[PDB]
Every structure is written in structure tokens, then in C-alpha cells.
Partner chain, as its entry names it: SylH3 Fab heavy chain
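Below you'll find only one chain, the form solved without its partner chain, shown as C-alpha cells.
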């Protein structure tokens, strides 16, 4: 039976900021915070993922206030807190969910210092998380249809011949952001069949801006169920869309590193 480790790691999230306890105060009830990722050893930003499905900082539990949308998460003593509120299951989709209440950890504001609330699972960039020490986004060259490269310009995205900008920073919150302006997001406005995906701002952190690279080679919008698609397998159209997964080459991609 597989070994059960308990790694200590930073939980990077919305807009590349990490999971932090406010001000480093560990008294029971203090707010858990969205904060720039540090390069230090202070336990305020390092979290141990224990076997009992609990995220702990300096020995204390990341605890949601209640079991309803809007309540914030506080640091609290693990034994004194309620068992059901101290528990979290981190899914391979980037969300961090609580088994009871069906509420995922959301960051309703990309500003530094946002108290982490817990909201309804709409698979938003606000509620996409990644436990890593790499506190800098992974920047790659995304290659897809016919070997072309995903390129962006001032709000327009398509594929073109791979010229060595075509660079994209894969943020921990599940967003894909053009390198030159990393405040902009790979956004889609609707859960419809041919909504052109382009570059907007990362403010709303909605779904349509959150993407997971599935093992089958696609780039899926988790809330949509449709994948990134070059329209009619035609790069010259300069058009990319969300389309139901069929598996053809015009929706298969690869993050070159």
C-alpha cells in the first residue's frame, strides 16, 4: 500500500500570491490571508498537508468559519476546533474543497491582503490553488495545431509559426497569462459552443479564465467542459474557441519546457 507522506509546502493561488496567515498572528481566529510569496522560513506561509486531511501552519489548523458561502477561514488549534471544518481535500483540478458544505476555498479579490473566504464551486480562478514552493509561475511555449505556437497580442490570441511574444506564464490559480502583461488572462465569457477565447484582464478570476492541462493533451475549461479549439482546424482564421472534446489535432496541445 502506497506510502503516506506529509509534505510542508506553500499554497500558491490567485494572481500568483501565496496562502498566508494575517500578520503572522497565530491566535485562534485570526484571518487567513492572500499575500505575496516570501522566500524565508517563517511558518506563516508554509503549510503541512497531514494524513488526516488537514492543512496546518506552525501546528494549527486552516479552519473555515462555517458551512455556508461567504464565511472566511481562520487559523485555529486543530484539537479544539470542529473536526469537520478542519478537513480539506485537494483535488487534481486545483480546487481545495471541504467534504461537508461543498464549499471550495475562494479568493474573492486579487489584491494583496484579501481574507480567504469559502464560496460555491463555480471553478473560478479565485478558487484554483496549487501547493508548490515554486512561487514563480511556470512560463512555457504552448504548441498545438500543426506545430504552431499560441501567440497573443493586445487582447488577441491565435496560433502562428513558432518564432523563438509566444510565451505564457502558467499561474498557480489555473490561469494562463501572456508573459509581457501578466495581469491579462486567457478569458472566455460564456459556456457556449464557439465563444472566441481572447485575452482580457485577470480581475474577475471567473471560469472561462481557468484552465487545466488534462492528460489527454487538451486544455480544458473545468466549468465549461469544452476544451480550447482552433476553429475549423484553420490557423489562418486567427480564431480560437471552446468546443466539446472530440480529440482531433486542433484541440491537442503541449506545454514545451
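Residue numbers count along the first chain shown, from 1.
A chain break between residue 164 and residue 165 is present, corresponding to 1 to 3 residues of the deposited sequence without coordinates. Of the two stretches examined, 212-220 and 194-202, the record assigns the greater average C-alpha temperature factor to 194-202. Stretches compared: 227-235, 47-55. Higher mean C-alpha B-factor in the entry: 47-55. Per the deposited coordinates, the residue with the largest Cα temperature factor out of 175, 156, 111, 141 is 111. You'll see in the entry that, of 93, 127, 79, 98, the Cα B factor peaks at 79. In the PDB entry, a CA B factor belonging to the highest third of its chain's modelled residues is recorded for residue 18.
In the PDB entry, residue 246 places in the lowest third of its chain by CA B-factor. When the modelled residues of the chain are ordered by C-alpha B-factor, residue 136 sits in the highest third. The deposited CA B-factor of residue 8 belongs to the middle third of values across its chain. When the modelled residues of the chain are ordered by C-alpha B-factor, residue 120 sits in the middle third.
This next part talks about the form solved in complex with its partner chain, which is not shown.
In terms of contact with its partner chain in the bound PDB entry, the residue from 121, 181, 109, 101 that brings a heavy atom within 4.5 Å is 109. Residue 197 falls outside the set of residues with a heavy atom inside 4.5 Å of its partner chain in the bound PDB entry.
When contacts are judged by a 4.5 Å heavy atom cut-off, residue 37 does not count as touching its partner chain in the bound PDB entry. In the bound PDB entry, its partner chain sits within 4.5 Å of a heavy atom belonging to residue 115. Within 4.5 Å of some heavy atom of its partner chain in the bound PDB entry lies at least one heavy atom of residue 31.
With contact defined as any non-hydrogen atom lying within 4.5 angstroms of its partner chain in the bound PDB entry, 22 is the only contacting residue in 1-28.
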